[PDB]
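Input: a single structure, listed below in C-alpha cells.
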Amino acid sequence: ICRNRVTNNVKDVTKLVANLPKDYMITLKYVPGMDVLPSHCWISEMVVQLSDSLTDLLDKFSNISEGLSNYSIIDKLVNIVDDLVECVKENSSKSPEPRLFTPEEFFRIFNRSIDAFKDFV
Amino acid sequence: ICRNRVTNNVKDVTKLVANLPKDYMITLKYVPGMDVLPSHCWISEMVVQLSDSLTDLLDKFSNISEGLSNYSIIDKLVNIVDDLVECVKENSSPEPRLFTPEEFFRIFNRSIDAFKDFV
Amino acid sequence: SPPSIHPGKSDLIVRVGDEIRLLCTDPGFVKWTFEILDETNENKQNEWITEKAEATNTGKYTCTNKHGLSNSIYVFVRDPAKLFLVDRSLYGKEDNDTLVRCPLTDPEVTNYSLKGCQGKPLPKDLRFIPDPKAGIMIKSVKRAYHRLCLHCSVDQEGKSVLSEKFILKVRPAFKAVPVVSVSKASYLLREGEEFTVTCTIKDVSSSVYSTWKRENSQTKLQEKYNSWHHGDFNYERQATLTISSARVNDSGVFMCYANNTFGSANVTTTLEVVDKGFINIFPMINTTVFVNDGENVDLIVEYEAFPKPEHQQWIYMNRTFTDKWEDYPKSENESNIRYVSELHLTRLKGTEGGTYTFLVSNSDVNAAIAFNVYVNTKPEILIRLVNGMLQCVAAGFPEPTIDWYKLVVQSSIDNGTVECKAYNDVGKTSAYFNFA
Amino acid sequence: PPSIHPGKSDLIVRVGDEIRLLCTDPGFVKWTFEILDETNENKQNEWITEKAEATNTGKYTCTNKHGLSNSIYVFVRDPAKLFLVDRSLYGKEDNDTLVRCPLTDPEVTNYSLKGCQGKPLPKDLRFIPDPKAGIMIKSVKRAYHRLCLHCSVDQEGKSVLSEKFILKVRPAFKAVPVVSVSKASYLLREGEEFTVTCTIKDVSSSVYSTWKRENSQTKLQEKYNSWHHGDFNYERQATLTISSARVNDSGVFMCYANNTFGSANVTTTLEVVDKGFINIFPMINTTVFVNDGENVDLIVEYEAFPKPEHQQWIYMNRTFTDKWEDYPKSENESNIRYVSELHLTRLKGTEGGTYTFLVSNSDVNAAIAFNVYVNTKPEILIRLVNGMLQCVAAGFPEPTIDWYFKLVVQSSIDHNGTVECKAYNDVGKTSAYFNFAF
Ligand SMILES: *[C@@H]1O[C@H](CO)[C@@H](O[C@@H]2O[C@H](CO)[C@@H](O)[C@H](O)[C@H]2NC(C)=O)[C@H](O)[C@H]1NC(C)=O
Ligand SMILES: *[C@@H]1O[C@H](CO)[C@@H](O[C@@H]2O[C@H](CO)[C@@H](O)[C@H](O)[C@H]2NC(C)=O)[C@H](O)[C@H]1NC(C)=O
Ligand SMILES: *[C@@H]1O[C@H](CO)[C@@H](O[C@@H]2O[C@H](CO)[C@@H](O)[C@H](O)[C@H]2NC(C)=O)[C@H](O)[C@H]1NC(C)=O
Ligand SMILES: *[C@@H]1O[C@H](CO)[C@@H](O)[C@H](O)[C@H]1NC(C)=O
C-alpha cells in the first residue's frame, strides 16, 4: 500500500550525489537501531525526519531554467516524501539525537527507506 | 597580449555559481590590496594562486555523462588558468582565506577581465 | 463534586528554576494528568511536586476523581531564554482553517503576530486569530500560500522577537475530474501477433485511481505503470497493456477508466483480431466500354486489402502496360485499408481496343480484374463491281447503315449518277459512279 | 680565494642551536644565502643566528673581492618536517623535470617516489635523486597528464610522505594545423551583405590564424570564437564579413594558419555583378517536322540569376499546357543551369503551328519560339465539267498525281470506261478510281 505514490524520479538520486561536494555535511535526527529492527518499528518516525531535513537543504541552492539544476531534483523529492507521510498517517492511522552525514551515506539511508514500502503491511 | 588564451568557456561560470551550496567554503591565498590599483602588481602572483585553489576544487566531484556537470565546467576553467600562467611567466605567499562561492567568483572574474588590457 | 486544586486560581506564573507544587483534595482522587503539545504524563500520587527549573513544565495540569470528577489548572514558567514552544510540522487541507504550533511560555506580552521570512511581507488576504495557549491559527488556507514560510512574533519591552522558522504546505481539494487520453485509436491485427496499447492521465494529484477493464468483464488485466511530477499540483501517469500473442477471442472493446473524489471519465478503443488476409475489388465503371478514335478514357479500381499491397500491375493483350497510371491510398489515416488505381488511355488509336487487365498481390492473396474495349469508328467504305451488280462495302464498330440516292456491311444494287452513302453514329461516307 | 670556518663541506645542527660562521678573507664582500625561491644577502663577514630553524637549511656562500668564492651547505635535524616543498610543477613535453622535494635531515634512505592513494606508478618513469635538492623525472610524456605524486623516504623503518604534487604538461607540436571553410564559392548582386567562416582545430591555443585578401598584403577585420573540447583538443572559428559589396570587391580570399611544425592554407573566390541575367540554349533546331500520330519533345537548357520566378508555355497564343517538366540541371550546391522539357504525343494534323516558352526572374524576362509542321499522306478529290476529268489532291509535300488504267495541286484529262488517278507524296500513297459508262 501507497507504493504508487513513489514516482520513478528517484533514479535521479545517483545524478544528484555526484554533483555535491564529497565533504559537505548534512544533518539528520537518526533513529537508533533502525538499521537492525524490522521495518514497521522505525519507519514512522524516520519518514517525518527526512521531510524536515530535505526542506532545510532546499534553501541552499538557486534555480536555473536550463537543464537539471540540483534545485529542480530536490524540489520534486520533497513532493514525494510528504505524500508518503500523509499516506502512513491516514492508512496506518522520542526524538533521536542530531547527527551528521556525508552525502553518499545520507542518500543511502534515504534509498533504503523508500525500498521499505515496496512491500509493507 | 595573451588576449587569445582566454577561451569563451568562462560564460559557464554563472551557471556553476548556481549549482553549489551557498554556504560551502573555498580557500585562497589572497594578495592584500588586490581590491586596489594597479592591475600589474598583483596580477602576476594572483594567477599562480588561482591555479592552485582551482586544482583542489576539481578533486572533489565526479564525472557524469549526460548534461553539464560541475566537474566538466571546472576542468575547462583550469585549462585556461594554466595557459595564462605560461603566457605571463614567458612574456612578462599571502595568507589562506575563506570565501563563499559568490565572493570568490567575483574575484575570479575581475582577475580575468584585467586581461584584454595590458602593457 | 469535581476535585479541588490548591491554590484554586485559574492560572499561575512561576520563575524558571522555582519549585512547582500542586495538591488535589478529593476523597475520590484517582489521577494527575499533564499535557503540553503532544507530550503527556500521568501521576498516581495525590500531590505533584517538582523543585527543579524546566520551562517545558509549562502547560496544563488536570486532576480526576472517583465519581467522575475533574478539575484543571494552567501554568507558566517564565523563561527569558524560551519564549516559544514549537513544533516544525505544518500541514493544511485546502479550504480549511489551520494551526501553527508556537504557543507562548509567558502570557504578559502584546502585538502577538505573524510575520513573513527575510523581510518579505505576507499576502494581503490572510486573516488569522491568535491564542497564547494554542499558538496561532490561519483561516481558509488556499493554494497561493504553498511553500510559504513564516515566523510568529511578539513584542516584549518594545523589542520584537521571533519564533523558529516554519514552512507551510497545502494539499489540494479536487475541483474537477481526471483527464484521459489514449495513445492510438482503434486496432486491427493478423492472428498471433503482439498487441500493445497505452493510456495516459493528467491530473492534479498522485492520489488518483485508474484501471483497465475489458467490455463485459471484470477480470482486471495485468498492466504496468509509470509516472512523473511536472511541477507543483501537476501529476502524470501512463499505463500500458499488452497481449503477447493475439487469439481471435481477443477482439472487442477495451476501456481505460479513471476516478477521484470529484468524478470520473473514460476512453475506449476496439481491437479486431482476424485469422487471415484478403483483397477485395470494386470497379468504378462498367467492365466494357466504347470509345471513338483519338478519344480518351480512364479506368479505375478501388480495393480493400489486408495486409498491405505487395505489387500492382497493369497488362494488356498478352503484353505489358507501363507508366500511364497512378496508384495511391484512398485516405492518409493510420486506419487506411482502401486504395485506388487509375489508368489513362488517351488519344486512343482506332485498332488498339481489346482487353486490359489489372493484377494485385499481397502476402496472402492475389486478385485480378479485366476490362474490354471496342472502338467507335467512322464508316470506312469501298466498291467492287461484280458481274451485272454493283456492290458497296463498309465497315465500323458499331455497324454502318447505308442509303442509295469492326462490323462489315454490304449493299448490292439493281444520264447522271449512282450515289451510295452510309451513316453511323460516328460519322458518314459515300461513293460515286456515273452514266452518260 | 676565500676561507670559511668551520671548514667542512657541510654542517649538521640541532633544532634551536645557534648557527655560527665567519667568512675569512681580507677580500670579504658578503654572505649570500638561498634555497628554493627565498634568498638573502648580508654585509657581516661573521654570520650568526640565535637559534636554528628548519628554514635555515640550505646553501651559504662566502662572497669575495676576486669573485673567488666558497660555499658550505647546512642541515637542521627537526623531527616534524623531513621535507621542504614547492607545490608548483610544470613540464615541457619530452624534456626532464625536477621535483622540489629537498630534505632537511640527510641521514635517511630508500628515497623514492610513489603514487597517490596507493595506486601504482606507470612503469616508465625512470627517476633520479639528489638529496641536495629534489627528484628528477626524465623524458616526461603525454600520458602523465594530471598524474598525482608523493615523495617519500624510509626512516627508522617508518615510511614518510610529502603533500600531494599534481603534474601538468605542455604539448609540443607533431603536426600542422587543420583547416576548413564554410562553403567554397560565391556570387552576389551588388551591395548584398557577404559573410564567411573558417575553422581551425589543434592541440593548443597558441596556433596563429589570419585572413588575407588574395594578392594583397593588408589584414581585414575578423572576429573570434573558441572552445577547449577537453584535453589537447582546441577549436577556433573566425568570421569575416563585408557589409555591402562594390564590384571591385570581387576576387579571392584566403584563410591561413601557421604553427612551429608548418603551415596550411585554404582559399575561396567571389564574383559581384551589377545586374541579373538569363541565357538560353535549345536542344534542337528551332523548326521541326513531324508526322501525324508521331511524338515530339521540346527541350531547353537555360542559365539564370537570380532564380527562375515565372515559367510558362503557350501555343498559338493560347495555353497549351500541363505536358511539361522542369528541374535544375544539376544538384551541385551552386547549380544555375536549368532544364525544361515539353512532351507532345500522338500529334494531330491541324495542330501544326507556333510554340513559345518564356521565363522571368525579378531582373529580366526572356522568351524563345518554335514552329512545327506535321506532314501527312495526301487526300484526293474528283470533279468534272466540259468533259474534263478533274483530279485534285492536297497534302505535304506537294503530292504527285499519275494516271493509269497545306500543299495543293490539280489537273485534268479530257463505251464503258474505268480510268483512275494514283498518287503519293513523301508521307504516303492514295488511289482514286473513276467509272463513266454509256
Ligand atoms: C470512485 O472511487 C472509489 C475508490 O476511491 C470507489 O470505491 C469503491 O469501493 C469499493 C469498496 O467499498 C471497492 O470494492 C471498489 O473497487 C471501489 N470502486 C471502484 C470502481 O474501484 C468508487 O466506487 C468510485 N466511484 C465514486 C462515485 O466514487
Ligand atoms: C464513461 O463513463 C460513463 C458511465 O459509464 C458514461 O457516461 C455516459 O456518457 C454518455 C454521453 O455523455 C451519456 O449519454 C450517458 O447517459 C452517460 N451514462 C451512461 C450509463 O452511459 C460514458 O459514456 C462512459 N463510457 C462509454 C463507452 O461511453
Ligand atoms: C596555399 O595553398 C597551396 C596548396 O596548399 C600551396 O601550394 C603549394 O606551394 C608550393 C610552393 O610554395 C609548391 O611547391 C606546391 O607544389 C604547391 N602545391 C601543393 C599541393 O603543395 C601554397 O604554398 C599555399 N600558399 C600559402 C602562402 O600558404
Ligand atoms: C609563423 O608566423 C610568423 C608571422 O607570419 C612568421 O614570422 C613565421 O615565420 C611563421 N612560421 C613559424 C614557424 O613561426
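Each chain in the C-alpha cells gets a letter, A, B, ..., in the order shown, and its residues are numbered from 1; ligands are numbered from 1 in order too.
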
When you look at residue 60 (chain A) with a cut-off of 6 Å (counting only C-alpha atoms), what residues show up, excluding the ones that are within fewer than 2 positions of it in the same chain? I need them as a PDB file with N, CA, C and O atoms, in the first residue's frame.
ATOM      1  N   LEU A  57      17.556  21.603   3.375  1.00  0.00           N
ATOM      2  CA  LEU A  57      18.581  21.570   2.329  1.00  0.00           C
ATOM      3  C   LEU A  57      18.174  22.364   1.089  1.00  0.00           C
ATOM      4  O   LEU A  57      19.012  23.018   0.455  1.00  0.00           O
ATOM      5  N   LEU A  58      16.892  22.318   0.732  1.00  0.00           N
ATOM      6  CA  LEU A  58      16.401  23.027  -0.452  1.00  0.00           C
ATOM      7  C   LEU A  58      16.701  24.526  -0.448  1.00  0.00           C
ATOM      8  O   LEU A  58      16.922  25.107  -1.517  1.00  0.00           O
TER       9      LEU A  58
ATOM     10  N   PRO B  21      26.303  24.800  -2.971  1.00  0.00           N
ATOM     11  CA  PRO B  21      25.668  25.281  -1.738  1.00  0.00           C
ATOM     12  C   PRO B  21      26.225  26.644  -1.353  1.00  0.00           C
ATOM     13  O   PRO B  21      27.440  26.839  -1.290  1.00  0.00           O
ATOM     14  N   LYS B  22      25.328  27.594  -1.088  1.00  0.00           N
ATOM     15  CA  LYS B  22      25.756  28.967  -0.846  1.00  0.00           C
ATOM     16  C   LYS B  22      26.612  29.111   0.407  1.00  0.00           C
ATOM     17  O   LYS B  22      27.227  30.167   0.596  1.00  0.00           O
TER      18      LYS B  22
END

Nearby residues (only C-alpha atoms) at most 10 Å from residue 30 (chain A), same-chain spacing under 5 positions excluded, as a PyMOL selection string: chain A and resi 42+45-46+49-50+95-100+109

Residues from last step as file, C-alpha atoms, as a PDB file, in the first residue's frame:
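As a result, result_30.pdb now contains:
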ATOM      1  CA  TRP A  42      11.278   2.751  12.840  1.00  0.00           C
ATOM      2  CA  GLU A  45       9.452   8.440  12.805  1.00  0.00           C
ATOM      3  CA  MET A  46      12.075   8.245  10.076  1.00  0.00           C
ATOM      4  CA  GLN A  49      12.594  13.405   9.806  1.00  0.00           C
ATOM      5  CA  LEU A  50      13.541  13.094   6.148  1.00  0.00           C
ATOM      6  CA  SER A  95      13.186  12.449  19.088  1.00  0.00           C
ATOM      7  CA  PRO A  96      16.675  10.992  18.440  1.00  0.00           C
ATOM      8  CA  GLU A  97      19.900  12.949  18.773  1.00  0.00           C
ATOM      9  CA  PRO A  98      21.057  15.169  15.885  1.00  0.00           C
ATOM     10  CA  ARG A  99      23.611  13.517  13.629  1.00  0.00           C
ATOM     11  CA  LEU A 100      25.860  14.386  10.680  1.00  0.00           C
ATOM     12  CA  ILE A 109      19.682   5.813   4.300  1.00  0.00           C
TER      13      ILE A 109
END

Show me, as JSON lines, the residues of chain D having an atom within 6 Å of chain B, each with the closest atom pair and its distance in Å, using only C-alpha atoms.
{"residue": "D:205", "atom": "CA", "partner": "B:5", "partner_atom": "CA", "distance": 5.8}
{"residue": "D:226", "atom": "CA", "partner": "B:7", "partner_atom": "CA", "distance": 5.4}
{"residue": "D:227", "atom": "CA", "partner": "B:7", "partner_atom": "CA", "distance": 5.7}

Using only C-alpha atoms and all ligand atoms, find each residue with an atom at most 10 Å away from ligand 1 and format the answer as a PyMOL selection string. chain C and resi 207-211+257-264

Once you count only C-alpha atoms and all ligand atoms, which residues end up within 7 Å of ligand 4, and could you hand them over as JSON, numbers by chain? {"D": [208, 258, 259, 260, 261, 262]}

Output of the above residues as a PDB file, in the first residue's frame, restricted to N, CA and C atoms:
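File produced: selection_28.pdb:
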ATOM      1  N   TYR D 208      48.267  30.190 -34.899  1.00  0.00           N
ATOM      2  CA  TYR D 208      48.243  31.546 -35.439  1.00  0.00           C
ATOM      3  C   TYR D 208      47.398  31.529 -36.704  1.00  0.00           C
ATOM      4  N   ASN D 258      49.504  28.922 -39.201  1.00  0.00           N
ATOM      5  CA  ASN D 258      50.928  28.708 -39.054  1.00  0.00           C
ATOM      6  C   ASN D 258      51.167  28.135 -37.668  1.00  0.00           C
ATOM      7  N   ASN D 259      52.101  27.199 -37.572  1.00  0.00           N
ATOM      8  CA  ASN D 259      52.480  26.629 -36.289  1.00  0.00           C
ATOM      9  C   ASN D 259      53.890  26.087 -36.440  1.00  0.00           C
ATOM     10  N   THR D 260      54.589  25.916 -35.317  1.00  0.00           N
ATOM     11  CA  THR D 260      56.020  25.657 -35.428  1.00  0.00           C
ATOM     12  C   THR D 260      56.328  24.403 -36.240  1.00  0.00           C
ATOM     13  N   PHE D 261      55.369  23.485 -36.410  1.00  0.00           N
ATOM     14  CA  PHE D 261      55.624  22.359 -37.306  1.00  0.00           C
ATOM     15  C   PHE D 261      55.528  22.734 -38.789  1.00  0.00           C
ATOM     16  N   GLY D 262      54.734  23.740 -39.154  1.00  0.00           N
ATOM     17  CA  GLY D 262      54.478  24.033 -40.561  1.00  0.00           C
ATOM     18  C   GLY D 262      53.221  24.885 -40.748  1.00  0.00           C
TER      19      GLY D 262
END

Region 3-11 of chain A surroundings by only C-alpha atoms, 6 Å radius, close-in-sequence under 3 positions cut, as a PyMOL selection string: (chain A and resi 118) or (chain C and resi 206+227-228)

Those same residues - N, CA and C atoms - I'd like them written as a CSV table (one decimal), in the first residue's frame.
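Contents of part.csv, freshly written:
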chain,number,residue,atom,x,y,z
A,118,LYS,N,8.1,-0.9,-0.8
A,118,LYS,CA,7.7,-1.9,-1.9
A,118,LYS,C,7.2,-3.2,-1.4
C,206,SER,N,-1.2,12.7,-7.2
C,206,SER,CA,-0.8,11.3,-7.2
C,206,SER,C,-1.8,10.4,-6.5
C,227,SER,N,5.1,7.2,-14.0
C,227,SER,CA,4.6,8.5,-13.5
C,227,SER,C,5.7,9.5,-13.5
C,228,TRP,N,5.3,10.8,-13.6
C,228,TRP,CA,6.1,12.0,-13.4
C,228,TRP,C,5.4,13.1,-12.7

Selection within 8 Å of ligand 3 by only C-alpha atoms and all ligand atoms, output as a PyMOL selection string: chain D and resi 256-257+263-267

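Near ligand 2, at distances of 12 Å or less and with only C-alpha atoms and all ligand atoms counted, sit the residues residues 177, 178, 179, 180, 213, 214, 215, 216, 253, 254, 255, 256, 257, 258, 259, 263, 264, 265, 266, 267, 268, 269 and 270 of chain C.
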
Requested write-out: C-alpha atoms of the selected residues, as a PDB file, in the first residue's frame:
ATOM      1  CA  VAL C 177     -12.456  15.481 -12.965  1.00  0.00           C
ATOM      2  CA  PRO C 178      -9.460  13.488 -14.275  1.00  0.00           C
ATOM      3  CA  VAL C 179      -8.344  13.966 -17.886  1.00  0.00           C
ATOM      4  CA  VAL C 180      -7.854  10.894 -20.040  1.00  0.00           C
ATOM      5  CA  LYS C 213     -11.033  -3.319 -17.900  1.00  0.00           C
ATOM      6  CA  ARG C 214     -12.456  -5.182 -20.862  1.00  0.00           C
ATOM      7  CA  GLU C 215     -16.004  -4.692 -22.016  1.00  0.00           C
ATOM      8  CA  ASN C 216     -18.497  -7.085 -20.417  1.00  0.00           C
ATOM      9  CA  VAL C 253     -13.963  -3.088 -26.628  1.00  0.00           C
ATOM     10  CA  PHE C 254     -11.270  -2.102 -24.143  1.00  0.00           C
ATOM     11  CA  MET C 255     -11.727   0.786 -21.721  1.00  0.00           C
ATOM     12  CA  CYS C 256      -9.349   2.994 -19.738  1.00  0.00           C
ATOM     13  CA  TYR C 257     -11.133   4.252 -16.631  1.00  0.00           C
ATOM     14  CA  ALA C 258     -10.284   6.912 -14.036  1.00  0.00           C
ATOM     15  CA  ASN C 259     -11.764   8.178 -10.771  1.00  0.00           C
ATOM     16  CA  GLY C 263     -15.949  12.298 -10.565  1.00  0.00           C
ATOM     17  CA  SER C 264     -14.740  10.297 -13.471  1.00  0.00           C
ATOM     18  CA  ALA C 265     -14.155   9.790 -17.189  1.00  0.00           C
ATOM     19  CA  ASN C 266     -13.026   7.156 -19.695  1.00  0.00           C
ATOM     20  CA  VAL C 267     -11.599   6.434 -23.122  1.00  0.00           C
ATOM     21  CA  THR C 268     -12.490   3.349 -25.157  1.00  0.00           C
ATOM     22  CA  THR C 269     -10.766   1.540 -28.003  1.00  0.00           C
ATOM     23  CA  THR C 270     -11.551  -1.541 -30.076  1.00  0.00           C
TER      24      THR C 270
END

Spatial neighbours of region 26-36 of chain D, 6 Å, only C-alpha atoms, chain gap at least 6 places, as a short mmCIF file (atom, residue, chain, number, x, y, z; two decimals) with C-alpha atoms, in the first residue's frame:
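Result went into part11.cif, see below:
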data_model
loop_
_atom_site.label_atom_id
_atom_site.label_comp_id
_atom_site.auth_asym_id
_atom_site.auth_seq_id
_atom_site.Cartn_x
_atom_site.Cartn_y
_atom_site.Cartn_z
CA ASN D 42 74.07 40.38 4.33
CA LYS D 43 77.11 42.57 4.95
CA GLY D 58 70.45 25.18 2.61
CA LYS D 59 73.44 26.72 0.86
CA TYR D 60 75.51 29.64 2.18
CA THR D 61 78.20 31.33 0.15
CA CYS D 62 81.12 33.50 1.18
CA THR D 63 81.45 36.36 -1.31
CA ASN D 64 84.82 37.90 -2.02
CA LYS D 65 86.98 40.51 -3.72
#

Those of chain B in DSSP helix (DSSP H, G or I), formatted as a PyMOL selection string: chain B and resi 8-18+40-60+70-89+101-112
